[PDB]
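Below: the structure, in structure tokens.
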Amino acid sequence: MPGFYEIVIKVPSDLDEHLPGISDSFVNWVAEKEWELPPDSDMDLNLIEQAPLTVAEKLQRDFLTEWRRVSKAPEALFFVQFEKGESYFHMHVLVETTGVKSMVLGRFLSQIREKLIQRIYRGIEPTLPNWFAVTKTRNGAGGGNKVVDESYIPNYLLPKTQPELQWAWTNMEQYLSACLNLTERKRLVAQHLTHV
Amino acid sequence: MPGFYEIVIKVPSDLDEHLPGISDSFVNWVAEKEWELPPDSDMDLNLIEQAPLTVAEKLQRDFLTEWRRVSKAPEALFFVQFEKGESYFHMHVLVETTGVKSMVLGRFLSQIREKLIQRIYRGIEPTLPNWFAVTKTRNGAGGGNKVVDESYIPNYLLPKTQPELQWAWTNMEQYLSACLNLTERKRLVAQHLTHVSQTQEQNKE
DNA sequence: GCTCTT
Ligand SMILES: [Zn+2]
Ligand SMILES: [Zn+2]
């Protein structure tokens, strides 16, 4: 087992409510969003919101290249899932721990967060509460950076269904059919469940 | 023919000195500077400083789109020349007055300057003295926004030579070939000068 | 390196 850190990134969904003062250029960027599902996917595009998807997709892609830089380990396993949640759009990004010792993970993530604010919000701090948070272990004093097994993916992420499920990206060969396919997810979670 | 307003914009050239506290992302943006001269040009790249050029090019380009927005004149002629000057890099941006009455130019420029500080220096007020200045007329009570004739370009801008000359951009087809070509500049200024002095001499009856 | 955002 390699082990995964989980970072939850809230994705702004209301431009006035969440990105006060963003440029017109950003508005045009998200407003000209055309995403299509791949031919192998069985998801209803009609329940996938295009603007937050644009933002979340660039967010995760740039997060991952910055992670490869700071970890000195490209081809590092990852699984990112973008969801329409309780109150905010957010995505769970799971990255292999290799290359980043847990103690310094907080600081490296802060640096990545600042690069993202400069790159994809052009300097505007998003007004989302706790919008870029590594998930800790019992939220107590000091805490501890929780490390999840690969079994986190079938136990918690794959079972999500639309509209809560919005999108998903992955390095891992086990899950590339399952990212945008609901039936592949159902069969994979059932397989992991009976295998216990 | 319409005149030109001249705005002189100082371009920061020493990061910690002029943009104190700027993000590292800005540092990376300017340090990743590769500008190549077009093939028609006869300038020595080795005398063109790349980072201030990156800042200056974006500065003039965004000033120009903001100007077209403000003037409601999207085809307005311009001529921008970026130079390594007395003590700071700066650039003279000349824009056709059409679209902006002189009374309101001050405030429209104020707005453009704030937009530039926000979208380029990412909120950091540059510590350059008088860094965004419309040129006035005799500097007296109120001043008076000077309107320069197109002849300002050959009389004063084109004769510049490296390393003072750094870069140039133009709408005006009279000066396309001349922006980054020293010999075309020399020829154009020679043409203007002889034409003007000979037709002033012809004013002897 | 990126201020012309997959
Ligand atoms: Zn969730
Ligand atoms: Zn000068």
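This entry, so its header tells us, was determined using X-ray crystallography, 3.3 Å.
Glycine is treated like the rest: Cβ placed from N, Cα and C.
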Swiss-Prot lists motif 'RCR-3' for one of the ranges B:6-10, B:51-55, B:156-160; which is that range?
B:156-160
Other than its close neighbours in sequence, what residues sit by the motif 'RCR-3' (B:156-160), given a CB gap under 8 Å and a spacing of at least six beyond its ends?
79, 81, 83, 92, 168, 175, 178, 185, 188-189
According to DSSP, collapsed to three classes, what secondary structure does B:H92 (divalent metal cation binding site) have?
strand
B:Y156 (active site, for nuclease activity) and B:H92 (divalent metal cation binding site), distance between Cα atoms, whole Å:
11
B:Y156 (active site, for nuclease activity) to B:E83 (divalent metal cation binding site) - Cα separation in whole Å:
12
Using DSSP, what's the helix, strand and coil tally for the motif 'RCR-3' (B:156-160)?
2 helix, 0 strand, 3 coil
Around the divalent metal cation site recorded as B:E83, B:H90, B:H92, what other same-chain residues have a C-beta within 8 angstroms of the site's C-beta center?
B:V8, B:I9, B:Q81, B:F82, B:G85, B:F89, B:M91
Going along the chain, which residues six or more apart from B:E83 (divalent metal cation binding site) have their CB under 8 A from its CB?
B:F89, B:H90, B:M91, B:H92, B:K160, B:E164, B:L165, B:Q166
